[PDB]
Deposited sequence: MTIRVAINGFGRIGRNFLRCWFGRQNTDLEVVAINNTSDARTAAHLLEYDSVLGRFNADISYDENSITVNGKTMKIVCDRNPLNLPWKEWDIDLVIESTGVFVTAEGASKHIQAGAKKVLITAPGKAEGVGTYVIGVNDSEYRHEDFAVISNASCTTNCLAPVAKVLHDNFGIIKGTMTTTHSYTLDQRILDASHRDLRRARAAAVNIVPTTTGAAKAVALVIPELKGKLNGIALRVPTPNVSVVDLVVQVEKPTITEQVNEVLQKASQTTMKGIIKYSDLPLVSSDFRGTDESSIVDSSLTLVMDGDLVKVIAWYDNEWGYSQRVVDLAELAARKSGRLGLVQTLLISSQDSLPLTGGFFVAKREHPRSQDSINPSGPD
């Protein structure tokens, strides 16, 4: 059935989710309401003008309590407490939770009490009880009854997991490490800020075999959009640069088609803006030391490709509602 969706939070992610969804060839989704922290005007404005994605070309019309976008209109409400939401009254099946404040199963499930049947977090789940899925990596494991609260992990994890997946299936990771240099407690505008990252461990969630085999560090840079992951892994099957890039390309044309983008052309950050893939490999940067120490650098468009994956998971969850 075509499930009814409500977007909680209308920031970068919520808005990106909306754009990605419109534009989709087809859909089993039906967005009906958006919970904001501002008015239906501010929403229509932010939804149209993006300092990153650019102006959203589609018929946008606001109203006191709603927002219409190419015919389809949707109720606008403002409640800082999910417990208060009319999720039951509005027959809300799935709730896209993108406020970053409800990431524990119990917190997110406030939407469940409010009457929603299932809630998906556009961020990593904190604690246990949530189901993490990374499209192209473990979506075949998706079963509607496993979790009420599901997660799509993070942007970094979504760029990493696909690559680790392939590398592992083809050469077998023994142990590895990664450094994610990504964009936006100190003036991050003038510094390069070291920070922790769970993306390393998060991959174990969607590739259990890699449990305890990866670890990472994050470095924050004053860059606009596009970010990158630096993956160094020690494999089992010794190989050569040519061949590592070979498998990554195959995957980008098959098993990971639409997920992993294989770029060989000499490019830079900006060039990958608006990319639908959640992980773009830069083949020119691949190195292999002594045939078994592989290093792969992959670019990922911060919240855009992540958003395409979020719509993909909401969709999967629809095509599978029980």
Expected output for missing-CA ranges on the deposited sequence is 185-200, 339-380
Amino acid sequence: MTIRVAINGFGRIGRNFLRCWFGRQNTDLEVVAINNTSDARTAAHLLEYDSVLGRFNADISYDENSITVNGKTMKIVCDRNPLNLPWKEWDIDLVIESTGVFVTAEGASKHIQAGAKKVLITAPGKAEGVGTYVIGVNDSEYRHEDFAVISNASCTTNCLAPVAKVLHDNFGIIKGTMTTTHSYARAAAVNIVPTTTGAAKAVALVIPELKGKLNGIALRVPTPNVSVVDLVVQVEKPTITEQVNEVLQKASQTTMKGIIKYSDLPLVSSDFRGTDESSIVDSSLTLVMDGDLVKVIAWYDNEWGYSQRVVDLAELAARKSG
From here on, numbers count along this sequence of modelled residues.
Comparing 217-225 with 143-151, which has the greater mean CA B-factor as deposited?
217-225
Averaged over C-alpha atoms, is the B-factor higher for 193-201 or for 124-132 in this PDB entry?
193-201
In this PDB entry, which of 188, 206, 116, 105 has the top CA B-factor?
188
When the entry's CA B-factors for 70, 286, 65, 278 are compared, the highest one belongs to 65
Which third of the chain holds residue 89 when residues are ordered by C-alpha B factor: lowest, middle or highest?
lowest
Among the modelled residues of its chain, the C-alpha B-factor of residue 175 falls in the third labelled lowest
Residue 82 - Cα temperature factor, lowest/middle/highest third of chain:
middle
Ranked against its chain, the third holding the CA B-factor of residue 168:
middle
Looking at the C-alpha B-factor of residue 307, is it in the lowest, middle or highest third of its chain?
middle
